[PDB]
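Peer 1: Right, I'll just put the structure down here and ask away after.
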Amino acid sequence: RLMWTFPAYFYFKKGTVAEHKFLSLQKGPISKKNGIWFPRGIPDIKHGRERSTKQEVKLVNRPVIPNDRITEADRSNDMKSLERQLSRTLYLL
Amino acid sequence: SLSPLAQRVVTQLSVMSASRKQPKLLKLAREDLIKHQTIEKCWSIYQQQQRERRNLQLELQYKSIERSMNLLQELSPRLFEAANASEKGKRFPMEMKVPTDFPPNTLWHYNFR
Amino acid sequence: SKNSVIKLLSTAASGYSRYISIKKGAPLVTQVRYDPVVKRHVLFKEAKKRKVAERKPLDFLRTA
Amino acid sequence: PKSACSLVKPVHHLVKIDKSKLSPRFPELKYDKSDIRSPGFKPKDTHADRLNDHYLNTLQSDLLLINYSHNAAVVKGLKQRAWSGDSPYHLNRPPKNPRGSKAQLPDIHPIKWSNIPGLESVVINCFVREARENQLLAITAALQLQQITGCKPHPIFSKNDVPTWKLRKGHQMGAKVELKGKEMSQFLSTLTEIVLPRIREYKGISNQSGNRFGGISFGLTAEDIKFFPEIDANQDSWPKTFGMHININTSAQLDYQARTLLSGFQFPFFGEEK
Amino acid sequence: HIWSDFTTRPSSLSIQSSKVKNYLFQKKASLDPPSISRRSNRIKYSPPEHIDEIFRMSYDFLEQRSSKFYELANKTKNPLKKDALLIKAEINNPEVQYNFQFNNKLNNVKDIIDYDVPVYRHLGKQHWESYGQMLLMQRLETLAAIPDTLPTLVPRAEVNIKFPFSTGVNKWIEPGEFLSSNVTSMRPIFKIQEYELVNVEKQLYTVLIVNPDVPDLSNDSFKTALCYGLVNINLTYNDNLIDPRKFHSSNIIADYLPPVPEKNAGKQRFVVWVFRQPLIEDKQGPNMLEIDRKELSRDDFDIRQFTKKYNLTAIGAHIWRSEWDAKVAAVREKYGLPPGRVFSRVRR
Amino acid sequence: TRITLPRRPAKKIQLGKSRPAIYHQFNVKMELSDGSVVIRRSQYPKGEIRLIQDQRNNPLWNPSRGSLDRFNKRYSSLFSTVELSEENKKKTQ
RNA sequence: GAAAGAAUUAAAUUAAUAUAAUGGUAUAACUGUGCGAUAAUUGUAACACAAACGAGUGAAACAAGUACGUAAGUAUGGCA
RNA sequence: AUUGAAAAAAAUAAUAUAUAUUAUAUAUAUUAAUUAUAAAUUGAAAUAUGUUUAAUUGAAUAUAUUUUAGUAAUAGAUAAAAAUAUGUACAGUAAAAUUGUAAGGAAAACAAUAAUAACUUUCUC
Ligand SMILES: [Mg+2]
Ligand SMILES: [Mg+2]
Ligand SMILES: [Mg+2]
Ligand SMILES: [Mg+2]
Ligand SMILES: [Mg+2]
C-alpha cells in the first residue's frame, strides 16, 4: 500500500521487445475523464499508478520449482533418518 | 541541453528519488486505527516473551556450564584445564550452513572427505 | 568604490526616508521599517535607479 | 543582541517538561515514527529474517559455550590516570591521559547469556575517486548501492583538500549506506552465497583485519560487484561499476569473538590471527 | 473470554455504541466504519487487507493475558497492588482504549469513561502527564508562582478552573491566562480530578486562591492576599466539580474577593492551590478540621505557615493573572471595596 | 572541466511530512547451484533466478563434500587421464 | 534476569567562533533545524564606566510600531 | 443525497456555518489534503464510439476524448562536506590520536574506541 511506483522506464527501455511483454502482462489504471462520476474519488495518477491504492506488477530457461519441505522419511516417520525433520534441530538419542 | 550519458544519470537518480513515485498517506478510521494498535501491541508483547524465553534458556545453559566446570575442577584438574582453554581462533564448520527457504535436491550427504 | 550608499524612500507617502549602504551590484533592497510620520511599519524602496548583477531566476517548474 | 551570556536558570520542580509537546507547531511530528498516524511510518517486521533466526536457534548457544572462561573477571581498559596528590599543583589538575593511547579504551567483560556477540550493523562505504572529475559517477555509485541493498544511500562528500590527488573540498564523491536489522541480514546472506564464491582467488577475510573491539571489514572490487543479482540481471544498464568497503559492526567485546560470529554465518577467514 | 463477561466487571469497559462494537468484532471485512458518517466517504474508504483475522488473534492473546492477570488480581488483598493488577488486565482491552481516546476526559460521561474504574483513571493520569501537567508546571515555574507562594509542587490531581457566573460564556481557563476584571468579577468553579488511589469517603480537600503580587508600601515590596479560601471539600472521581451546589457556607474560610489590580501596580498572579487533608486512622467518616478565623488574615497571608499549621499537602495547582483595566473600578464599586489606588508609571 | 548535473531549487520537505523511502521490491526466488530455493526481496523485476556458481558448489564453502566449449566441439572426433599421461614427460623444464 | 527510556558521572572549549591577538564560550557565545528576514526600527534616555575639552563605552526605564515563541519572554545588528 | 458492501451521537485538532462576551469562546456538521505547479508532430494508459473473431464477455484493431511521461537528488527538526554571517524558537556536540578496510600509499573516504550505581516503564523466573 505504502510502496513506491515501480520505475518501469528504468528497467525497461522505451521501444524494446522486453518492455512490450511487460506492458502486455500489466493492466493500466483508470484515468480521470471530464463529465463522469467516479464514486471512489477522482483518479490520482503519476507514472501510471493510482496513488490512492496498492500497485500490483505482474511478471537455462526453466521455471524454478522448489522441493517439498516435508520429506519421504517424515511421511513414513523413520526416527533413525536424518532427513526426517528439515525445519527443526534433531538430537541423537 | 543534455547528453545521452546525462540523461541516463538523471534516470538513475530518479530510480532512487521519491519524486512523483509515492502513493497517498495511509489514512485509517478510528476503529481501524484501534485494531491496528491492538495488533501491534500484542505482537510486541509476543516478541518480548520470545526474547525472555531465549534469554532465560541461555542463562540456564550458562548456569549448567558453571556447575559442570566447578565439578570438573573439584574432581580432575587436568580435565578441567583441557576444558578451560582459550578458543580464540575457533571457526564454525563450513558445512553448518544458514538454513534455506526450501531444501536442496540431495538433502543429506552420507559420505565425506 | 565597492560599497555604495542609497536612499530608501517610504512607501506611505510621508516624505520620510532612511539611508543605507549596499554592494555595487546588490539586489534591489526593500525593507519594512517604522515611518514616524505615519506612526507604523511601512515598506521602504529605493528612490533612485541603478544597475544590478543579474542572477538567473531559479526555476521551480521543471524545464525541458 | 544585548548580550551573549548563556546561563540556564534553575527550576523549582522535578517534573520533566517536554517542550515539544507544549507547542502546536508540528502535530505530525509528535507521533513516533513507529506509529501508524505518522507520515514517517514504515512496516518494519514484514517477514521472518532468516539469518537472524539461524543465529537465535543454532549459533548463539554455541557462541556462549565457546566464550565461557571459568571465573573470568572483568578486564579494565586503559583509562585516564589521576595524579597522586604529592604536590599542591595536582589539586585541580586534569587527569593524565591513558598509558599507551591518547583516547580511553573500554572494559572487556566476560561473555554471559546477556552479552553474547551478534551482528549490530553493516556499513557500505563507496568513495569513487574518479568523481573528482565527474559528479555523475557519484550518482551511479549511489544507485548501485541502493540496488545492492534495497536501502536508501547517503551521499559522501570530500571532507578534505589535497593537491597531489586532484581533490577539492565539498565535492560529492560516492555514497554510503548503514544497513540494520533484516536488510543487513539479507545483504550478508547474499554476500555469503552469491557474490563471494564468484570471486576467483578468494581465500577469505583476513584474520589481521578488524577493530580492536568487535568490528571487522573488507572490500569488493568493481569486478566483484557484477555478481550481485540486481546488477548481473542488466549488464547493459551497468557499463561502469564501483568498488566498495564493507564495515561489519558486531556486539563483540573483542575482535576474535566477532570473527568467530561471522564464521558462524559462513564467512571464510584465511590469514594468521593476531 | 474474560472481556465479554460483565458479571463482576463494570459496564464502562464495553463500548456503548453498538455499531462500533459490531465493526470491531466481525468475521469478515464486510461492514463499513461508523466513524465515517458520510456515504460517499465510506464508499471511497478502503481498510488495510487481512486486518480482521490478525486483530481477532491479537484480541484472543491479550484477552487470555487479561484473564491470567485476573486470576492473580482476586487473590491479592492490599488495595494499590490489586488496582495495579486490574490496570494490567484491562489496559490492552481494545474497547476501553476506544472509549478513552475518542470521548472527552474533562467532562467524562460515567457510562463511557468511568474514573471509578482503575484502568480509566490510569489512562487519564497518563494523558495528563503527556501534556496538561507539563504545561501547568511550566506556567508555575516561568511566572514564579512556586517559590513565591509555596516552595514546590508534586502534581497529583489535575485542577481546571472556570468563571461561569460572571459573563455567561463557557471556557476552561488555560494556566497563565490574562483574564478581564469582568470575567473574574464573580467566583470561579474548580474541578479537581484525582488520579491516585485514594479513600473517597474519608479524604477531604482545601482550596486556596492566593495573590502574591499586591503592593505593600511600608515594606517597599509585595504581600500575599488570600482571595478565596475553601476547606473540607469532598471529592469523588466522577463527582468532582467544586460549585456553590456542593460546598456549604461553613466550608468557606474566606469568601471570594475579586481581582482588582491597581493602575501601574503591574500584573498580578492569582495561583489557586489544591491541598488534600491529613487522614486520621481509627475514625470512621470524614475527619474535619477547625480554622482559627481571627488568626488567618486576608490582607496578609503566610500560605506556607498555614500549610504547616494544618498539615496540608499541595496536590494540584492552577493560575491566572489579572492586570488593571477600566472595569476594575466598577468591580470594586459592586463589591463595596474602596476607590483603588493609582501608582506612578515609572518604577523609580 | 568538472562534469556535473547542476542543481535546481530543492523541494521543501516540511517537518513531520517526511516519508520513508519504501522502494518497489519483488519477491524473487533464487535456486542455488543445487536445488535449494531461497526467497529474497529484490528491486529488479524477475520472479525466478537460477544460479550456476554459488557457495553450494564452491570447494571453499564445502571442503568435505565459451572457448573451452568451442575447443571441445571442434576436437570431438579425436576425443582429446590417458591423453595427459601420454603427453607429459617431466624431464625437460 | 532481560529490553527500552530517562539520563547521570567522567572528559572536553586542544575543534568551532566572518577576520589579528587576548579574554570568554558545551548552561555553549560553537553547530544543526522551523519560522522569519523582523530589532541592521522610531521619540525621550536616567545612572554609571571612562574622561582635560572634543569625543568614546555599558545601559535600566517611559512611549510608538515590528518579528519569533504554547508561554515565560527575547531582539534597538554581529561572544567581546 | 444518488452509487458499493450486508433512529442517531458522546475526544483533540482542522475545515464549513452560526451565534455568545468590553473572554480568539461555544454549538452543529464533516474528517479533506499531505510533495504538487505552465510548455511535449515521437512513448505509455484509460474511457467512449465503431468493425471483426469464440444476445454474451474476452481478444484484436480504428477514430475521438482525456490521463500520464518534462523522468533531477533533501524524506531528517537533518547536527562539524560545502552553502544566507543580523532576529527568534527547538535541539545537539566537537577535535586529535589509535585499530582496521577495494584501488588507498605519511597524506583522499567509512567504521569503531570512558563508566551504569540508582530511577521509570515493559516482558519474565
Ligand atoms: Mg562572530
Ligand atoms: Mg581562544
Ligand atoms: Mg572614574
Ligand atoms: Mg565628558
Ligand atoms: Mg550570534
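Ordering of the C-alpha cells sets the chain letters (A, B, ...), residue numbers begin anew at 1 in every chain, and ligands are numbered from 1 in the order given.
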Report as an MDAnalysis selection string the set of chain B residues whose atoms approach chain A to within 12 Å, with distances computed over only C-alpha atoms.
Peer 2: chainID B and resid 7:27 98:110
Peer 1: Around ligand 4, which protein and nucleic acid residues have at least one atom no more than 9 Å from it, if we count only C-alpha atoms (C1' of nucleotides) and all ligand atoms? List them as a list in words.
Peer 2: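 Every residue with an atom at most 9 Å from ligand 4 is listed here: residues 51, 53, 54 and 55 of chain G.
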Peer 1: Name each residue within 9 Å of ligand 2, counting only C-alpha atoms (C1' of nucleotides) and all ligand atoms, as a PyMOL selection string.
Peer 2: chain G and resi 13+17+22-24
Peer 1: Please write out the residues within 8 Å of ligand 1 as a PDB file with N, CA and C atoms (P, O5', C5', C4', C3', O3' and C1' of nucleotides), in the first residue's frame, counting only C-alpha atoms (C1' of nucleotides) and all ligand atoms.
Peer 2:
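The result, stored in part.pdb:
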ATOM      1  P     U G  17      35.346  28.922  12.557  1.00  0.00           P
ATOM      2  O5'   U G  17      34.667  29.857  13.651  1.00  0.00           O
ATOM      3  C5'   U G  17      33.239  30.030  13.674  1.00  0.00           C
ATOM      4  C4'   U G  17      32.824  30.881  14.850  1.00  0.00           C
ATOM      5  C3'   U G  17      33.152  32.367  14.730  1.00  0.00           C
ATOM      6  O3'   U G  17      32.001  33.211  14.804  1.00  0.00           O
ATOM      7  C1'   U G  17      33.918  31.499  16.818  1.00  0.00           C
ATOM      8  P     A G  18      31.001  33.356  13.547  1.00  0.00           P
ATOM      9  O5'   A G  18      31.974  33.350  12.285  1.00  0.00           O
ATOM     10  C5'   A G  18      32.980  34.365  12.140  1.00  0.00           C
ATOM     11  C4'   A G  18      33.526  34.386  10.736  1.00  0.00           C
ATOM     12  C3'   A G  18      34.930  34.980  10.635  1.00  0.00           C
ATOM     13  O3'   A G  18      35.861  33.914  10.466  1.00  0.00           O
ATOM     14  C1'   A G  18      33.380  36.299   9.401  1.00  0.00           C
ATOM     15  P     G G  78      25.501  43.322  18.288  1.00  0.00           P
ATOM     16  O5'   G G  78      26.034  42.035  17.520  1.00  0.00           O
ATOM     17  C5'   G G  78      25.252  40.830  17.479  1.00  0.00           C
ATOM     18  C4'   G G  78      25.785  39.895  16.423  1.00  0.00           C
ATOM     19  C3'   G G  78      27.151  39.283  16.709  1.00  0.00           C
ATOM     20  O3'   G G  78      27.135  37.979  16.136  1.00  0.00           O
ATOM     21  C1'   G G  78      27.269  40.536  14.726  1.00  0.00           C
ATOM     22  P     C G  79      28.104  36.833  16.676  1.00  0.00           P
ATOM     23  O5'   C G  79      27.981  36.960  18.257  1.00  0.00           O
ATOM     24  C5'   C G  79      28.742  36.087  19.102  1.00  0.00           C
ATOM     25  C4'   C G  79      29.008  36.737  20.436  1.00  0.00           C
ATOM     26  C3'   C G  79      29.925  37.951  20.408  1.00  0.00           C
ATOM     27  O3'   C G  79      29.192  39.145  20.143  1.00  0.00           O
ATOM     28  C1'   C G  79      30.727  36.417  22.003  1.00  0.00           C
TER      29        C G  79
ATOM     30  P     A H  85      25.417  32.883   6.630  1.00  0.00           P
ATOM     31  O5'   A H  85      24.705  33.452   7.938  1.00  0.00           O
ATOM     32  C5'   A H  85      25.247  33.249   9.258  1.00  0.00           C
ATOM     33  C4'   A H  85      26.043  34.451   9.726  1.00  0.00           C
ATOM     34  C3'   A H  85      25.343  35.816   9.669  1.00  0.00           C
ATOM     35  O3'   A H  85      25.460  36.547  10.891  1.00  0.00           O
ATOM     36  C1'   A H  85      27.480  35.954   8.678  1.00  0.00           C
TER      37        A H  85
END
Peer 1: What residues have any atom no more than 12 Å from ligand 3 when counting only C-alpha atoms (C1' of nucleotides) and all ligand atoms, and can you list them as a PyMOL selection string?
Peer 2: chain G and resi 48-51
Peer 1: Could you write out the selected residues, including C-alpha atoms (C1' of nucleotides), as a PDB file, in the first residue's frame?
Peer 2:
ATOM      1  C1'   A G  48      27.254  54.555  35.661  1.00  0.00           C
ATOM      2  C1'   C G  49      32.216  53.418  33.369  1.00  0.00           C
ATOM      3  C1'   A G  50      35.924  56.004  31.155  1.00  0.00           C
ATOM      4  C1'   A G  51      37.357  61.004  30.912  1.00  0.00           C
TER       5        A G  51
END
Peer 1: Could you give me the residues within 12 Å of ligand 5, counting only C-alpha atoms (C1' of nucleotides) and all ligand atoms, as a ChimeraX atom specification?
Peer 2: /D:1-6 /G:17-18,25,28-30,75,77-80 /H:85-88
Peer 1: Could you check the closest approach to chain E for each of G:32, G:73, G:65, G:5 and tell me which residue wins, using only C-alpha atoms (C1' of nucleotides)?
Peer 2: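 Looking at the shortest contact to chain E, the residue is G:73.
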Peer 1: Can you work out which one of H:58, H:50, H:100, H:70 has the shortest atom-to-atom distance to chain C, counting only C-alpha atoms (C1' of nucleotides)?
Peer 2: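 Nearest candidate to chain C out of H:58, H:50, H:100, H:70: H:70.
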